[PDB]
Every structure is written in C-alpha cells, then in structure tokens.
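*Asks:* Starting off with a structure, shown below.
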Amino acid sequence: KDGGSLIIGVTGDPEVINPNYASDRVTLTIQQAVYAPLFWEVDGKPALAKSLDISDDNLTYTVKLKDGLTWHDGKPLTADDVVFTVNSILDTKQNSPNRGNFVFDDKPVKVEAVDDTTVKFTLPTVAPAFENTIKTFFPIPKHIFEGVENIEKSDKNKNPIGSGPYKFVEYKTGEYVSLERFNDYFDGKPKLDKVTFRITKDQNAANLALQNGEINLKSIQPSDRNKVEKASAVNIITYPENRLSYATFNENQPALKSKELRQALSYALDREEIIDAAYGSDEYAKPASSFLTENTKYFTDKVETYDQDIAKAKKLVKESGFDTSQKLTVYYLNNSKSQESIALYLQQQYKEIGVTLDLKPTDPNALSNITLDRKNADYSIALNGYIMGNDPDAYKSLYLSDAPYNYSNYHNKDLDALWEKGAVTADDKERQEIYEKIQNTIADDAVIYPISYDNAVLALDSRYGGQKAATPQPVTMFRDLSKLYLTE
C-alpha cells in the first residue's frame with residue numbers, strides 16, 4: 001500500500017516553471033506540484049508558513065516559517081529565500097508580472113529576515129490587499145538564483161528546484177514532464193512515487209487515453225462528461241473554478257453609451273436558459289449576479305440582476321433612441337461551443353425586442369488584438385471570462401477608466417475614487433461598504449452582463465483515493481497531489 005505512478009493529462013507545453021513568472025494554466029498546474037506556497041490560497045491555511053501576524057497600525061506583516069524546511073537539493077529553506085524572492089520581484093530589470101503587488105504609490109514594501117524562521121514586511125502605507133499577496137506567494141531559492149541577471153531566461157529553470165511534494169526529473173518537449181516524490185515534503189511524505197504530466201491536445205484522443213488507463217487524471221469539458229463517465233471506471237469531480245462568464249457592452253460605440261439600451265439588453269435575457277444552452281445542464285455553472293465571484297471578499301448577490309422582462313426591455317430600447325435600423329455585433333472565440341451557443345441565444349433574444357445582432361466569431365489571436373485595444377469600436381458586445389482571486393482590489397484593471405482590461409470602455413471618475421478608497425481602507429466593515437457600492441454601481445449602470453459562475457470538471461481513475469484531502473481547486477486541478485494514493 002505505497003508508491004505507484006500517476007499520469008495527468010494537460011493540453012499544452014509549459015512555459016517557464018518559476019513562480020515569479022508563471023501565469024498560464026499548464027505552467028501553474030506543474031508549479032503547484034513542484035513549489036509550495038507560504039499559505040494555501042484556496043483557504044488561507046498555513047503551508048510553508050506557520051503563521052501571519054498583522055500589526056495594529058496595519059503597516060507591519062510578520063510571517064513565521066516552519067522549522068527544518070528544505071529545498072529539493074537539501075539546502076535549508078529560510079526567511080533569506082523569502083527576502084530574496086521579494087527583492088527579485090521588486091527588481092525592475094527582472095520584468096516580474098507580479099511586481100505591482102509589492103509596490104504602493106511607487107514605493108516598495110520593505111522586507112527583512114529577523115531570523116531564519118521570521119520574515120517582517122513593512123508597508124509604506126496601509127494596504128489590506130497585501131494579506132492576499134502574502135497568501136498567494138511561492139518562494140524561490142536564493143542559493144540557485146542569487147547573481148542571475150535574467151531569471152526568466154536562465155537555463156536553471158530547465159531543472160527547477162522547489163519545495164513542493166514532487167521533484168523535477170525531466171522534460172521532453174511536446175510530450176511530457178516527469179517528477180518524483182520529495183520525501184522531506186513539509187506536509188508529509190507523498191504516497192504516490194511518480195507523477196507524469198502527459199501533453200495531449202485532442203480531447204477525443206485524450207479521453208480515449210483515459211479510458212485505456214494511459215492517463216489517470218485530467219480536466220473534462222462539460223459536453224464530454226457523459227462519454228467518459230460510462231466509458232471506464234472514473235470518478236467525476238465538479239467544483240467551482242471561480243470563473244465569471246460575462247458579456248461586455250462596448251461604450252466606444254455611441255449607441256451603447258445609453259444606460260437604457262444596456263439595461264434593455266440585460267432584461268431580454270434569462271440566466272438559467274443561457275446556462276442550459278451553453279453547457280448541458282446546471283451542474284456546470286450557476287447564475288451570476290455580482291461582477292465579483294463568490295470566493296472574493298465582500299461578494300454579495302444582492303445587486304440588480306435585470307431578471308427577464310421582454311416587455312420592459314421593449315420599453316427601454318424605445319426610450320433609448322436607438323434606431324433598430326442599425327445592427328449590433330457580438331464578438332467571441334471561434335473555437336468555443338459554449339460561446340457560440342451564448343451568442344445565438346443573445347441573437348435570438350435581441351431579435352424578440354426589435355434589435356438585430358450579427359454574430360462575428362473570431363480567431364483567438366485576432367480577438368486579443370481587437371479587445372485588448374482600448375480605442376476599438378468594432379465590437380458592440382464581447383463574450384469573456386475571468387478568474388481574479390480573493391481580494392476585490394485585483395478587479396480594478398477591468399473597471400478603472402484607464403485600465404487595459406476595461407473591455408466595456410466605461411469611464412466613471414466617482415467610481416474610480418471608490419476603487420482607490422477601498423484599496424487604502426483597513427477597517428473591515430468600512431471596506432465592506434465600499435465594495436458593496438462598487439458592486440451596486442456596476443450592476444445599476446449595466447456595465448456588463450454577468451452570466452454565470454462556472455465550474456470545472458475532473459475525471460480521476462477510480463483506483464485512486466484521497467481526492468477530498470488533495471482538494472480540487474481552480475486552475476491546477478488539485479491543491480496537493482501528495483494526498484492522492486493508488487489502491488491496487
């Protein structure tokens with residue numbers, strides 16, 4: 001009752017396996033197995049860290065580490081690694097995408113190693129969201145990257161040294177990544193001996209590999225769930241992915257400047273029907289309300305949702321002054337059955353309120369160029385989605401007037417003052433009231449149409465136990481693979 005191998009199916013090649021840069025699904029999935037964080041994001045529980053303590057004035061965060069931690073090569077893991085990691089992110093020449101989380105009004109957070117097991121962070125001004133940044137932090141090893149000028153390109157990333165439950169063995173380009181258990185893993189010796197990440201793009205082929213035991217674990221698309229469940233002995237696991245599926249209204253098009261038109265295009269829709277048409281049933285998504293997902297602090301479902309009222313929708317499109325003669329465009333991904341079904345539903349529903357909608361499915365690259373361009377007015381509506389994290393401050397880049405991901409091109413100075421005010425307010429209840437108003441203003445102005453909070457689906461070979469303990473979670477499938485075990 002020990003050892004065994006686990007083969008996990010992923011869709012593409014990883015990029016740089018280094019937590020200072022990892023951002024795509026595959027790289028993060030592999031990183032979760034190789035590197036341990038200070039705290040586990042999904043629940044804020046202690047991981048490499050034993051505890052976090054915040055001073056009364058909210059400027060000093062003290063993190064205590066567990067004793068006797070080591071990296072995969074046997075070197076100790078101490079505060080010096082934490083300090084080094086933060087300084088390597090702060091260092092502008094390294095181009096770390098998370099640098100913004102350690103800077104406030106252009107001033108960096110100061111970090112210091114009081115002892116080998118004590119890290120002290122001193123903020124320049126109050127910043128409640130910094131607790132979240134600490135809870136999503138994976139340290140890198142100082143003895144490996146100290147004196148490296150370009151960390152992202154370093155060949156040392158070819159054989160990543162980590163603190164996670166699985167040590168790196170090798171990487172065959174376009175084929176697989178193999179790992180082996182780390183016996184001194186802080187949370188206990190892993191039960192499975194080897195873990196291989198198998199790269200297979202075609203889902204029909206991947207699902208067949210799963211059926212024949214060539215793959216033991218992978219993500220499944222909703223439309224394939226009944227196929228794989230009856231094909232072999234597998235347990236299907238469904239859990240929230242903290243993803244919001246939504247439609248944006250492009251205010252660069254003059255007609256969509258009208259609050260009335262945006263509200264008409266909300267009242268014409270029904271969430272249970274969209275979910276029903278997009279995914280097969282309601283097991284894969286639940287109706288959204290707020291622009292925030294349920295995992296995010298201060299989430300509230302008590303916002304305006306524009307429940308289906310076609311008669312009232314007709315009233316609003318009239319009051320709008322929109323000349324129905326004109327036609328609207330919905331831009332979405334040309335390789336997503338969900339997005340096409342959602343599009344047809346909007347077309348269908350808008351037809352019924354006297355509005356003509358033209359479907360404009362597009363190539364992914366082309367879609368980025370279109371929607372990532374803040375001056376673009378080609379699209380009337382764009383279907384999108386996001387997984388933003390546990391603190392609402394991270395959502396600013398999607399709703400500030402100047403933000404690069406403000407797809408709706410909504411410009412409201414007063415709302416922007418609330419966003420900034422929320423970022424600097426320490427009192428919990430006063431901070432709750434601010435994000436409630438933000439949720440209320442976005443819903444009241446029908447800036448977007450939140451469709452659903454989506455679930456992800458995994459298929460795990462029935463011979464494997466411990467899925468509860470491994471914790472299914474957004475993006476990486478599981479929180480900790482060292483809890484899985486093979487029952488042969």
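Following the order of the structure tokens, first chain is A, next is B, and so on, with residues numbered from 1 inside each chain and ligands from 1 in the order they appear.
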Please produce, as a tab-separated table, a per-residue contact table for range 213-265 of chain A versus range 318-329 of chain A (criterion: any atom at most 8 Å away, only C-alpha atoms considered), showing the nearest atom pair and its distance in Å to one decimal, sorted by chain then residue number.

*Replies:*
residue	atom	partner	partner_atom	distance
A:255	CA	A:322	CA	6.4
A:258	CA	A:320	CA	6.4
A:260	CA	A:320	CA	5.4
A:261	CA	A:320	CA	5.5

*Asks:* Just the selected residues (N, CA and C atoms), exported as an mmCIF file, in the first residue's frame, please.

*Replies:*
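So out_26.cif came out as:
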data_model
loop_
_atom_site.group_PDB
_atom_site.id
_atom_site.type_symbol
_atom_site.label_atom_id
_atom_site.label_comp_id
_atom_site.auth_asym_id
_atom_site.auth_seq_id
_atom_site.Cartn_x
_atom_site.Cartn_y
_atom_site.Cartn_z
ATOM 1 N N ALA A 255 -24.097 54.168 -29.528
ATOM 2 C CA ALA A 255 -25.387 53.627 -29.068
ATOM 3 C C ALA A 255 -25.361 52.980 -27.668
ATOM 4 N N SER A 258 -25.846 54.626 -23.860
ATOM 5 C CA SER A 258 -27.151 54.686 -23.211
ATOM 6 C C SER A 258 -27.342 53.583 -22.164
ATOM 7 N N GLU A 260 -30.058 52.987 -20.705
ATOM 8 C CA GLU A 260 -31.318 52.356 -21.109
ATOM 9 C C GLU A 260 -31.118 51.194 -22.099
ATOM 10 N N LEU A 261 -30.269 51.393 -23.109
ATOM 11 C CA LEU A 261 -30.011 50.328 -24.075
ATOM 12 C C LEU A 261 -29.336 49.142 -23.405
#

*Asks:* What parts of range 33-130 of chain A does DSSP call strand (DSSP E or B)? I'd like the answer as a PyMOL selection string.

*Replies:* chain A and resi 39+46+49-54+60-65+70+76+103-104+107-108+110-115+118-122

*Asks:* Would you write out, as CSV, a table of all residues in range 299-381 of chain A that have an atom no more than 12 Å from an atom of range 206-224 of chain A, listing for each the closest atom pair and the distance in Å to one decimal, considering only C-alpha atoms and ordering rows by chain and rising residue number?

*Replies:*
residue,atom,partner,partner_atom,distance
A:336,CA,A:221,CA,10.8
A:337,CA,A:223,CA,9.4
A:338,CA,A:223,CA,9.6

*Asks:* Would you mind listing what lies within 12 Å of residue 363 in chain A as an MDAnalysis selection string, with only C-alpha atoms counted and same-chain residues fewer than 5 positions away left out?

*Replies:* chainID A and resid 331:336 368:370

*Asks:* From the list A:296, A:178, A:305, A:341, which residue is nearest residue 275 in chain A when using only C-alpha atoms?

*Replies:*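 Once distances to residue 275 in chain A are computed over only C-alpha atoms, the minimum belongs to A:341.
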
*Asks:* Could you give me, as a PyMOL selection string, the residues within 12 Å of residue 174 in chain A, counting only C-alpha atoms and dropping anything in the same chain fewer than 6 positions from it?

*Replies:* chain A and resi 10-15+197-201

*Asks:* Of the residues A:356, A:20, A:60, A:439, which is the one nearest to residue 90 in chain A, using only C-alpha atoms?

*Replies:*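 Going through A:356, A:20, A:60, A:439 one by one, the smallest distance to residue 90 in chain A is for A:20.
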
*Asks:* So that I can see what lies close to residue 97 in chain A, please list as a count of residues only the residues with an atom at most 12 Å from it, counting only C-alpha atoms and leaving out residues fewer than 4 positions away in the same chain.

*Replies:* 15

*Asks:* Near residue 100 in chain A, within 12 Å and counting only C-alpha atoms, which residues show up once chain neighbours fewer than 3 positions away are dropped, as a PyMOL selection string?

*Replies:* chain A and resi 86+89-92+95-97+103-109+129-130+133+393-394+397

*Asks:* Give me the residues near range 50-54 of chain A as a ChimeraX atom specification, where near means some atom within 7 Å (using only C-alpha atoms) and where sequence neighbours in that chain fewer than 6 positions away do not count.

*Replies:* /A:60-66

*Asks:* Quick one: DSSP alpha helix (DSSP H) residues in range 95-269 of chain A, as a ChimeraX atom specification?

*Replies:* /A:130-135,142-145,203-211,225-231,259-267

*Asks:* Would you write out those residues with N, CA and C atoms, as a compact mmCIF listing (two decimals), in the first residue's frame?

*Replies:*
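Final output, out.txt:
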# COMPACT_ATOMS: atom_id res chain seq x y z
N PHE A 130 -2.71 43.41 0.69
CA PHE A 130 -1.38 42.79 0.79
C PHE A 130 -1.44 41.45 1.54
N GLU A 131 -2.45 41.26 2.39
CA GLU A 131 -2.63 39.96 3.04
C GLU A 131 -2.83 38.87 1.98
N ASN A 132 -3.60 39.18 0.94
CA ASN A 132 -3.84 38.24 -0.15
C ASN A 132 -2.56 37.93 -0.93
N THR A 133 -1.75 38.96 -1.18
CA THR A 133 -0.48 38.79 -1.87
C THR A 133 0.41 37.82 -1.06
N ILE A 134 0.42 37.94 0.26
CA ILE A 134 1.19 37.01 1.10
C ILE A 134 0.63 35.58 0.98
N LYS A 135 -0.69 35.45 0.87
CA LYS A 135 -1.37 34.14 0.76
C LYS A 135 -1.28 33.48 -0.63
N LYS A 142 17.32 31.17 -3.07
CA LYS A 142 18.38 32.16 -3.16
C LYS A 142 19.68 31.50 -3.66
N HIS A 143 20.05 30.35 -3.09
CA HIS A 143 21.29 29.68 -3.49
C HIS A 143 21.35 29.33 -5.00
N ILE A 144 20.19 29.27 -5.64
CA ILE A 144 20.09 28.96 -7.08
C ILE A 144 20.09 30.23 -7.94
N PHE A 145 19.27 31.21 -7.59
CA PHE A 145 19.13 32.44 -8.42
C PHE A 145 19.90 33.70 -8.02
N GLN A 203 -8.95 16.22 -27.52
CA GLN A 203 -9.77 15.69 -26.42
C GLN A 203 -10.37 14.31 -26.69
N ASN A 204 -10.76 14.02 -27.93
CA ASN A 204 -11.27 12.67 -28.25
C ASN A 204 -10.16 11.65 -27.97
N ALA A 205 -8.95 11.97 -28.40
CA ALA A 205 -7.79 11.12 -28.16
C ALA A 205 -7.43 11.07 -26.67
N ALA A 206 -7.50 12.22 -26.01
CA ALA A 206 -7.14 12.27 -24.59
C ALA A 206 -8.11 11.45 -23.74
N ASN A 207 -9.40 11.55 -24.05
CA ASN A 207 -10.44 10.82 -23.31
C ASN A 207 -10.32 9.32 -23.55
N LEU A 208 -9.92 8.94 -24.76
CA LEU A 208 -9.68 7.54 -25.05
C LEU A 208 -8.46 7.03 -24.23
N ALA A 209 -7.41 7.87 -24.14
CA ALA A 209 -6.22 7.51 -23.36
C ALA A 209 -6.61 7.27 -21.89
N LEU A 210 -7.54 8.09 -21.41
CA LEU A 210 -8.05 7.98 -20.06
C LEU A 210 -8.80 6.66 -19.87
N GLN A 211 -9.65 6.33 -20.83
CA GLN A 211 -10.41 5.09 -20.80
C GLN A 211 -9.49 3.87 -20.78
N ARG A 225 -18.63 14.92 -20.50
CA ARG A 225 -18.82 14.28 -19.19
C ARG A 225 -19.59 12.96 -19.21
N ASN A 226 -20.69 12.88 -19.96
CA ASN A 226 -21.42 11.61 -20.03
C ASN A 226 -20.64 10.52 -20.80
N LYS A 227 -19.80 10.92 -21.76
CA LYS A 227 -18.98 9.99 -22.55
C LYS A 227 -17.94 9.27 -21.69
N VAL A 228 -17.17 10.05 -20.94
CA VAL A 228 -16.07 9.50 -20.16
C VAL A 228 -16.54 8.76 -18.91
N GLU A 229 -17.65 9.20 -18.31
CA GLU A 229 -18.16 8.57 -17.09
C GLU A 229 -18.60 7.11 -17.33
N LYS A 230 -19.22 6.84 -18.47
CA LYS A 230 -19.68 5.48 -18.81
C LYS A 230 -18.65 4.64 -19.58
N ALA A 231 -17.56 5.27 -20.03
CA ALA A 231 -16.51 4.57 -20.80
C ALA A 231 -15.55 3.71 -19.95
N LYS A 259 -27.53 54.01 -20.92
CA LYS A 259 -27.81 53.11 -19.80
C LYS A 259 -29.05 52.30 -20.16
N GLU A 260 -30.06 52.99 -20.71
CA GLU A 260 -31.32 52.36 -21.11
C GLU A 260 -31.12 51.19 -22.10
N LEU A 261 -30.27 51.39 -23.11
CA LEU A 261 -30.01 50.33 -24.07
C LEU A 261 -29.34 49.14 -23.41
N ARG A 262 -28.33 49.42 -22.56
CA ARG A 262 -27.61 48.36 -21.85
C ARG A 262 -28.55 47.56 -20.94
N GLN A 263 -29.50 48.26 -20.31
CA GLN A 263 -30.48 47.61 -19.44
C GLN A 263 -31.47 46.80 -20.26
N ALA A 264 -31.84 47.32 -21.43
CA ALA A 264 -32.75 46.58 -22.32
C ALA A 264 -32.12 45.24 -22.73
N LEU A 265 -30.81 45.26 -23.01
CA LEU A 265 -30.07 44.08 -23.45
C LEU A 265 -29.76 43.12 -22.30
N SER A 266 -30.11 43.52 -21.08
CA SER A 266 -29.96 42.67 -19.91
C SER A 266 -31.33 42.03 -19.62
N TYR A 267 -32.35 42.87 -19.57
CA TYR A 267 -33.73 42.40 -19.35
C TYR A 267 -34.24 41.42 -20.40

*Asks:* Have a look at CA of residue 386 in chain A and CA of residue 428 in chain A and let me know their distance in Å, one decimal.

*Replies:*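 Rounded to one decimal, the two atoms are 25.3 Å apart.
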